[PDB]
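Have a look below at one chain only, the form deposited without the DNA, in C-alpha cells format.
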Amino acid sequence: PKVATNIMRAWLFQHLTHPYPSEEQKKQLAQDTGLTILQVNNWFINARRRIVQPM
C-alpha cells in the first residue's frame, strides 16, 4: 500500500495547479496502484480537502 499511496502523491505533486485527474488518468492511476477508480477518486477528494484545511 505504500507504493499505491506514493503513486498518487507523486501524481498530485506534479499536477498542483490542476490536481484533478481526468477519467483516463484515474484509470491509469487505478492500474498503477491496484486500487479501484472509486478509491483513486476518493483519495484525491481527501487530498484536496487536506491541502486546504485550516491550520
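Shifts are known only where both forms have a C-alpha. Position 1 is the first residue in the sequence shown; the rest follow in order. Between two forms, the rigid core is defined as the largest C-alpha subset superposing within 1.5 Å.
Not pictured, yet referred to below: the form deposited with the DNA bound.
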item: 4.5 Å heavy atom contact, residue 46 and the DNA in the deposited bound form; value: yes
item: The DNA contact at residue 41 in the deposited bound form, heavy atom, 4.5 Å; value: yes
item: Contact flag, residue 9 vs the DNA in the deposited bound form, heavy atom cut 4.5 Å; value: yes
item: Partner contact for residue 24 in the deposited bound form: the DNA, 4.5 angstroms, heavy atom; value: no
item: Mobile segments between this form and the one not shown [3+ consecutive residues, each C-alpha shifted 2 angstroms or more, core superposed]; value: 51-55
